[PDB]
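Worth knowing before you read on, the calculation uses all heavy atoms, side chains too, and leaves out hydrogens, waters and symmetry mates. Within every chain, numbering begins at 1; the chains are lettered A, B, ... in the order of the sequence lines, protein sequences first and strands thereafter.
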Amino acid sequence: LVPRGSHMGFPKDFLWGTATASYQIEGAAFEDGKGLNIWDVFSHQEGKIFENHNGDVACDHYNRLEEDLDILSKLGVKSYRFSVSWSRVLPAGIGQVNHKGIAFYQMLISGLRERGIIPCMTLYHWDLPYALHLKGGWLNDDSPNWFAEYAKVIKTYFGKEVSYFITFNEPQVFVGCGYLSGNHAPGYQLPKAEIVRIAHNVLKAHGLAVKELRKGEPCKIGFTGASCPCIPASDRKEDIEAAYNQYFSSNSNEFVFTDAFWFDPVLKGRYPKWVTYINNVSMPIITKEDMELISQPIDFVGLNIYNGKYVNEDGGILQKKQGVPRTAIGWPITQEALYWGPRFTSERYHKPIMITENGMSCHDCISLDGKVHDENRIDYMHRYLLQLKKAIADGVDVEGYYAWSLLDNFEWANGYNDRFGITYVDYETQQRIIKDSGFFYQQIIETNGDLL
Amino acid sequence: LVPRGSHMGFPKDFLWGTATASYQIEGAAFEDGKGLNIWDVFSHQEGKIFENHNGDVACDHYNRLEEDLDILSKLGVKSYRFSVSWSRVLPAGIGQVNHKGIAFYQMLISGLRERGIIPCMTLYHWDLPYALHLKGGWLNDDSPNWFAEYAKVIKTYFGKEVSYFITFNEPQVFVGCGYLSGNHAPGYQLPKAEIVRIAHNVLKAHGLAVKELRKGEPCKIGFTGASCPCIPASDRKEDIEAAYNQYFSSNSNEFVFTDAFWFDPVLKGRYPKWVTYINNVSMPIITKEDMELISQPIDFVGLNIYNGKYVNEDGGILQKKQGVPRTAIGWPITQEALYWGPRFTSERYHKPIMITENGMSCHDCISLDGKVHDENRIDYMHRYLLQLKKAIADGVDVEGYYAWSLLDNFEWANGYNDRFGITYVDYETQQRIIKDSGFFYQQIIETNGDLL
Amino acid sequence: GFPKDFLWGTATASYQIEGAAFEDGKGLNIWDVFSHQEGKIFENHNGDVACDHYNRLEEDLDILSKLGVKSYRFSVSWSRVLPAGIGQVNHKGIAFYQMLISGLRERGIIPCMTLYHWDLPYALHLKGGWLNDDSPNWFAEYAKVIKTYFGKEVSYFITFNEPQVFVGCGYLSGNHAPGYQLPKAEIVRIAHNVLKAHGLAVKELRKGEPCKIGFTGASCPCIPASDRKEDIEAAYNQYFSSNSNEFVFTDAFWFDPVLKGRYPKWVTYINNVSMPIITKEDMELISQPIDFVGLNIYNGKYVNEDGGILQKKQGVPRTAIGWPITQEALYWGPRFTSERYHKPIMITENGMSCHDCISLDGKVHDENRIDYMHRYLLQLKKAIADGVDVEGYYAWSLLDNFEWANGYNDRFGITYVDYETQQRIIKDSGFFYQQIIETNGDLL
Amino acid sequence: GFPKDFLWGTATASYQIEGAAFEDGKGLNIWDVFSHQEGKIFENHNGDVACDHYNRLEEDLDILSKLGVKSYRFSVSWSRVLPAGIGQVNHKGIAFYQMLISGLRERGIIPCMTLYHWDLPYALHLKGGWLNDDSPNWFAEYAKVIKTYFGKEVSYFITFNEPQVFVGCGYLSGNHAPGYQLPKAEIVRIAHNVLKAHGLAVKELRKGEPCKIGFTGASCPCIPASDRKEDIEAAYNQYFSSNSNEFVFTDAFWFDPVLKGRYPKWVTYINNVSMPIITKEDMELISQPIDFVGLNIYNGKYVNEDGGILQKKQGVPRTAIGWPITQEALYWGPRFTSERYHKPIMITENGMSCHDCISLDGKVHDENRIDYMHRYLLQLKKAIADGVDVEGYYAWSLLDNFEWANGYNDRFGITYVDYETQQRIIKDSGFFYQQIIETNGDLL
């Protein structure tokens, strides 16, 4: 990388954001003609979620939109990253549009523009329409075309007022956990060949969606991966190099959760070399036309980084420190991940990066004083943002940072047992209480991070 | 039932048969334009089959048809029950017919008619075309139409020479083990509502397939269930009634492996009442028209009976006797199952019955004398046929009995570790050796079971 | 408010803090072996070194007196003082605890000594541990050594810590050392040997100096739906219920024997092969007079008006180890135990696991721990107000330490320990607590 | 052909046939308790009654002589003769075995007594079983009691049956009594104690009458692919290989200590916490001279020229318990053992589980067992032809019986047992074997 220098710090037009996802916050899962999604069915299956929690109601954000928009303004957030519920706008996934569904996102986007908050719209954050699941979901050859139709509808109704789109959130997770480990919807444990087939169809879906998002008003399009940065043992050149190689490595026994497996097709138009020699029963035919479609020009790379892994000089994973600082969900705190992650991604692909998620699960409660004190989240945020500022100094093009999450919400298989919000939600009353971290982040934005 | 008494014994036209299934014997899994089926893929997944056995080659029946036909005639078998490989005649499951696949079954049927043996063709014995699995298989609303199209092709090409059809074999198992327990292809563990959805789509497929099989030549059409008969504690009326009720019972927590859940729809055009009360997420919509489609008139009920369970006077399950006679697969020998199973089915539905499978897994070997002695199989067959003869005497209309199997073969998740054959197969050489039970059965057929 | 002479304390256990597992002729304990068995502990952590408290006794004593703690609850490593579990006493082991107790008395801090905090000497484990008919006698000998060498200076003893856990987790579920999953009859045999062991240890501890003797249960209090009389009775009955299929973790299975001299009725009616013979003399031996009941309370469960446990509230406030925060537990637990047994209560453990770290400012901020303590202590103070006799409250723990099968992944300390340097850093909670003690809880 | 003095026998074990588990002062054993634990045994079968051989000794002896058996291998129930494992001898227990041995001698049948066939007295289990330092002494005492009451009329002794199984399955995998899953060091400790126990038992069995003393291993012979020297040597190496990750079920791990007075090399390099101290005195004690090596061989595995274990053939002939039929096992097992240890070999167990039943003709036809026996015995004959010292062959088993974790679901008998009525029906294999004995296997 070519350095930029410290002086400026964070860019003047840096998107200080917060992120949510449809299923995690919206509720009203069976209202206003919305079609079932795979998480509605998965979450209602005995044993799949922590204490059989589900997203039926969640934060009831569908009905409390106004209140949450006021929290965004109050905090002084520049950008709001959210996902559209495919099944809310297209109950069957294709064909008939649901106007009540469109109306909701319309009211959200008007509320955002009225408050001068830049919409960042995730098209797919895991809530596959159930009707499409009944037709084989991402195993179906037509799944790219289904997604394209959805993309077209998105652009049609929201292309006017929304200029930031992300096609897919974390294919590593929704394919890996959804279809390999089976812990996420729809809860399958499929063979390698089918994982490759699904990947291939998700990536082609991405291409077609990009094309659909290009028709009409100009906009910035992104793709978000789950990233677990390899943190080098030292600043020695060989150690950095080993961490870089390990970070972008993949093989037929361990690919679905990697960066390279997804980002190489998107950005370089090629899978990792190993893919070409796989001959397993039922492998998809991967063509040159496929790879051109997949690698449509996009504007930014989205990184979801929560933590990384310390590697040795040779790129092997170092044993975790005893009593290493950790979060409420069990993950370690590794501040340098928000340096090395963006750095290596910039070095490899030479693209603008947005941190589409960064946040911490904390055992938050309402204290006797009626407030929610989350110093651990503040320290986490403080530490991670310093590392991201260092990455910008060393010449990484970073255009935005999105705190996960605006609200405590339904954390997938962990239910409501993990609170990631800068805003606390009491689920008995649906009361919002802004946490200390919320005000901390507000001050950062107002000072554009100059005082970190 | 009105008895006929024990003078006549087995009817004059009784179909003495043996039974196989496509995937279990054919092999040639990747030849002659045959498309993949779910078992090709499932069996190649690590850990799914005993010692990773698969049906790639199986008994190589595809190439050794003439030797197998010769065994049939040498034994004097009246009828041969087999299944057609959907994926062999329709590689994508729909659309393009594969004429080399047709030619195989053509040469089988000609071979049979030439030897005066009556073909009993099963359409679906679990080998769903992989291409259709990728479209969601039986979860897909169109899966009935797929099957219908298959059935039409069946009728078109084989309706001339084949007069006995079975639409589905053991939906209890291919749905229950395929989609609930996940031990069989495609290896899923789906919620209750999806099992009902699959069941309903399978049953509608049956309806449509019957209609296709009715167009053109006249034939007899059946539907085969896996049945575990409840054997009453005694001949007292109340003990019998209790066994009857247990046998035909089902509920939302135990239905997929039951008789009534499948046979009530087919034969009486109604689900068990509990189904209409369920409202789980994403239950299929069951219409009056659906039930009329499902309940096309058919000519016989198929029962696959290997063993039953002894019940107390209240219909509760009695504890299995210590050291009860059992088989190599671990199942108990329960002779009375082949009396009570047919009897109760006869009483409930008043339809002709065929025993479409009965047989035993034995730890068979080639002895020093070069022969295969299976006296345990002989005794099993003798005892069960005695019981079937008694059912016929007590007024059960039984039109045939098919021994499972003609050949040792691929026994699904148990691979080649379970031999059910009246003919031994050495898989190293593909040598067939008719077992003692084969000659025993030959004698039964020639005497029409008069000497049992 | 809180009584004038209230034992404001903090608590630890030998294996969780000491380290120095293989020095000065200390014999092996079951945790030394168990912890070294791959897969038994989070990331194969072990207490070989732990907080190195063996070697940093002085520093930790200064923390105690800096916080102004009135009493220090700790356990004695049975294997450190009796390496084979019986016979030859090890004087270098005694020296350590002697040095500690001196340090405590020099700072005016009342020692509260737990005899058995789960670190069964391995040599005794090779002889069948608590399945052995002689196991009560082994303990008695250990309790006699304790009185001999420490009875002069120590007048608060706890025989056993959480029999629910070291038996239930150690021999039923198998998540704790020695990691067994034994039949019901052997669980009862173990329980009966432990309870007889307690009796004999009480008698040993009664010879010589006058002292207060206690017994500590892991208690999960049933919190009534409301203050309605019937909801309270339903909660009480649930709290003190037990049966053949769920007893090892209950209060009544252990405390009724100790305090009422009888097991729950169902225990006698069992006749599983190999069940121990429970005699009248056994029960008289078990039910020696003791001076207080120890309650380890972390959280409880809410019960409906019929005694049925309610489902945990969605998004309930919780701790870093996953447990819910249920403040009312430190009211109802003491109150119900007081009502049933009419003995003085000692809260021998109360605390919270937090995801603590050193912030950019070099301090350890644990506001959650502060709220937890504040809330729970309010409840205990209300129990006192309503006439419940509570003689002491010990915060778990003085130090972040080895949390058994969770290793070092759970920090319960009012003092943070960086395990890389063994540096102690007092958390905000430590100063909060200091202030609570100074004011005897009058500002809660 | 087969030698003139060949010991053509059949074999049983106490717990598998005797029943009468709770009578005539017999103490509990681990299998009494384990088998009553929910879900430990196939359909919760136990040996409370088994074949009721205790109460039907005459009938079973009559079958033994009817078959023309030359030797009868049985085990003595430790807990039947010493109800507490040590101390008071139970003379009603002794009487039974005295009656058995009388009935054998009376019928001209050579007794072959197994001391330990897995039924450890429960009292000793409570004292830590084979983990306890005194367990070799417990067994020594037992072996002295055996010699005292049976040394006059019994000249064939086997100290331990299948240490591979009772230690491997009993304490590593946990599928057999007592049902534990212990660390490597505790397995080696148990092995060492069993082995030392063996040594003391030999010395006890030497005091008085001269006798033949053996040690029985569970053996899985490696069958060379071909008769090539390379394939043979590779099979030999694999057959006697072991390592710290895979030793408890091997031959070398147990037989080297007994016969060569050394453990395999890898044992030197284990430094795990709790590892037993193996002294040279221990090794000399273990490695007492013995008269024969007992092999229990059911099947083997085929190894390529490299020594790598070959995959099982698709559709290989197998038994009702799932094992493959590998006739050559009863050639290479003896030969390789004979070459390594230069000791006389006794096939102390060989047979086949079959899905046997009473046919309509009222007979029990078991042609598979007949073929199995014929195929294996031909292979044993060929070993004797090639100069392997084999002193006898004992068909497992006389009766269908309690097959441990598989309960009564696996029938190994040459006599069928109907558990409803306890009727015995000699199978075709019994008669087949009778004929082989009368002809001394000349017609094989």
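- Of the inter-residue distances, the one linking D:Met373 atom CE with D:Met352 atom CE reads 11.5 Å to the nearest 0.5 angstrom.
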Practice prompt. For the pair D:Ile321 and D:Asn406, evaluate side chain to side chain contact (heavy atoms under 4.5 Å, CB included) and give the outcome as yes or no after the intermediate values.
Written response: CA-CA 9 Å; D:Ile321 204 166; D:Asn406 291 304; 3.5 Å; yes
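- Judged by distance alone, the side chains of B:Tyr247 and B:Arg348 never bring a donor and an acceptor atom under 3.5 Å apart.
- Between the D:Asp371 side chain and the D:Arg369 main chain, no donor and acceptor come within less than 3.5 Å of each other.
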Practice prompt. Begin from the C-alpha positions of B:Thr345 and B:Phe248 and carry the test side chain to side chain contact (heavy atoms under 4.5 Å, CB included) through to its verdict.
Written response: CA-CA 9 Å; B:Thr345 305; B:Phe248 284 122; 4.3 Å; yes
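- Closest heavy-atom contact between B:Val398 and B:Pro11: O-CG, 3.9 Å.
- A salt bridge links D:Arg424 to D:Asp60: at least one charged side-chain nitrogen sits closer than 4.0 Å to a carboxylate oxygen.
- Checked against a 6.0 Å centroid threshold, the rings of D:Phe402 and D:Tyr408 count as neighbours.
- Of the listed residues (D:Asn299, D:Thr319, D:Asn350), just one forms a side-chain hydrogen bond (donor to acceptor under 3.5 Å, both in side chains) with D:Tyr372, and that residue is D:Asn350.
- Side-chain N/O atoms of B:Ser22 and B:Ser83 include a donor and acceptor closer than 3.5 Å.
- The closest donor-acceptor contact from the side chain of D:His355 to the backbone of B:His363 lies under 3.5 Å.
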Discussion item. Does B:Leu338 form a side chain to side chain contact (heavy atoms under 4.5 Å, CB included) with B:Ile355? I'd like the steps, not just the answer.
Written reply: CA-CA 9 Å; B:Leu338 209 64; B:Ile355 309 295; 3.8 Å; yes
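- Side-chain atoms of D:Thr415 come within 3.5 Å of backbone N or O of D:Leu398 as a donor-acceptor pair.
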Worksheet item: Between D:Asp48 and D:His36, does a side-chain hydrogen bond (donor to acceptor under 3.5 Å, both in side chains) hold up when you go through it step by step?
Response: CA-CA 9 Å; D:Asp48 288 8; D:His36 285 247; 2.7 Å; yes
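- B:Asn52 contributes a side-chain N or O that, together with a main-chain N or O of B:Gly47, makes up a donor-acceptor pair within less than 3.5 Å.
- The backbone N or O of B:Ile231 sits nowhere less than 3.5 Å from a side-chain atom of B:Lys309 that would complete a donor-acceptor pair.
- Atom OG of B:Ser227 and atom CD1 of B:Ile353 lie 9.5 Å apart (nearest 0.5 Å).
- With a 6.0 Å cutoff to the six-membered ring centre and a 45° limit on the axis angle, D:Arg411 counts as a cation-pi contact of D:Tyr416.
- Donor-acceptor pairing under 3.5 Å is recorded for the side chains of B:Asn304 and B:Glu170.
- Ring to ring, D:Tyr298 and D:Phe412 are close: their centroids are under 6.0 angstrom apart.
- For B:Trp126 (side chain) and B:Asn169 (main-chain N/O), a donor-acceptor pair under 3.5 Å exists by modelled atom type.
- Residues D:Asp410 and B:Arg326 are paired through a salt bridge, judged by an N-O separation under 4.0 Å between the basic side chain and the carboxylate.
- A donor-acceptor contact shorter than 3.5 Å links the side chain of D:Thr421 to the backbone of D:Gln423.
- For the pair B:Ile445 and B:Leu75, the tightest heavy-atom approach, listed with the atom from each and the gap, is CD1-O, 4.1 Å.
- For D:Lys40 and D:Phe34, the positive end is not near the middle of the six-membered ring at less than 6.0 Å and at most 45° from its axis.
- Residues B:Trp16 and B:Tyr402 place their aromatic rings such that the two centres sit no closer than 6.0 Å.
- Side-chain atoms of B:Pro232 and B:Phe344, non-hydrogen and from C-beta on, do get closer than 4.5 Å to each other.
- A ring-centre distance under 6.0 Å is found for B:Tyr124 and B:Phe174.
- Separating the OH atom in B:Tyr188 from the CG atom in B:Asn183 is a distance of 15.0 Å, to the nearest 0.5 Å.
- For the residue pair B:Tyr441 and B:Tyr401, the shortest heavy atom distance occurs at OH-O, 3.2 Å.
- D:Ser359 and B:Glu375 form a side-chain donor-acceptor contact under 3.5 Å, judged by distance and modelled atom types alone.
- Looking at every heavy atom in both residues, B:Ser250 comes nearest to B:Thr258 through CB-OG1, 3.7 Å.
- For the residue pair B:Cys230 and B:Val311, the shortest heavy atom distance occurs at CB-CG1, 3.9 Å.
- Heavy-atom neighbours of B:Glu313 CD from other residues, nucleotides or ligands within 6.0 Å: at or below the threshold of 12.
- To the nearest 0.5 Å, the span separating CD on B:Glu357 from OG on B:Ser405 amounts to 8.0 Å.
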Discussion item. Applying salt bridge (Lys or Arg N to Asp or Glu O under 4.0 Å) to B:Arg343 and B:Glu347, what does each step give before you reach the verdict?
Written reply: CA-CA 6 Å; B:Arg343 168 168 163 179; B:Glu347 291 171 0; 2.7 Å; yes
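- Under the 30°/60° scheme for interplanar angles, the aromatic rings of D:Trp404 and D:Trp31 are found to be tilted.
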Item to complete: Please step through side chain to side chain contact (heavy atoms under 4.5 Å, CB included) for the pair B:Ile195 and B:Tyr179, ending with a clear verdict.
Response: CA-CA 7 Å; B:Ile195 300 301; B:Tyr179 292 97; 3.8 Å; yes
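- The environment of D:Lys363 atom NZ is sparse: at most 12 non-hydrogen atoms of other residues, nucleotides or ligands sit within 6.0 angstrom.
- A salt bridge links B:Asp364 to B:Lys435: one of the charged nitrogens lies within less than 4.0 Å of a carboxylate oxygen.
- A donor-acceptor contact under 3.5 angstrom links the side chains of B:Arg81 and B:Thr122, judged on distance only.
- Rounded to the nearest 0.5 angstrom, D:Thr326 OG1 and D:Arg375 CZ are separated by 11.5 Å.
- Nearest heavy atom pair, residue B:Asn54 against residue B:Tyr23, reads C-OH, 4.1 Å.
- Looking only at distances, a side-chain donor or acceptor of B:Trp262 sits under 3.5 Å from a matching main-chain atom of B:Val256.
- The local environment of CD in B:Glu241 is sparse, with at most 12 non-hydrogen atoms from other residues, nucleotides or ligands closer than 6.0 Å.
- Between B:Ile433 and B:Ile366 there is a side-chain heavy-atom pair separated by less than 4.5 Å.
- The environment of NZ in D:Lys313 is sparse: at most 12 heavy-atom neighbours from other residues, nucleotides or ligands sit within 6.0 Å.
- For an aromatic pair to be called close, the ring centres must be under 6.0 Å apart, and D:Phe432 with D:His374 satisfies this.
- Under a 3.5 Å cut-off, the side chain of B:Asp374 and the backbone N or O of B:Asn376 do not form any donor-acceptor pair.
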Worksheet item: How far apart are the C-alpha atoms of B:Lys351 and B:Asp397, what are their side-chain angles, what is the distance that settles it, and do they pass the salt bridge (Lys or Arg N to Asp or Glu O under 4.0 Å) test?
Response: CA-CA 7 Å; B:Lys351 303 292 289 186; B:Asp397 179 351; over 6 Å; no
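- Atom CD of D:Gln16 sits about 11.5 Å away from atom CG of D:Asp400, to the nearest 0.5 Å.
- Aromatic rings of B:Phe82 and B:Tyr80 (six-membered ring for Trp) have centroids within the 6.0 Å cut-off, being under it.
- Relative ring orientation between B:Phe263 and B:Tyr349 is described as perpendicular, the plane-to-plane angle rising above 60° on a 0-90° scale split at 30° and 60°.
- The backbone N or O of B:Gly316 lies less than 3.5 Å from no partner atom in the side chain of B:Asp314, so there is not a single donor-acceptor pair.
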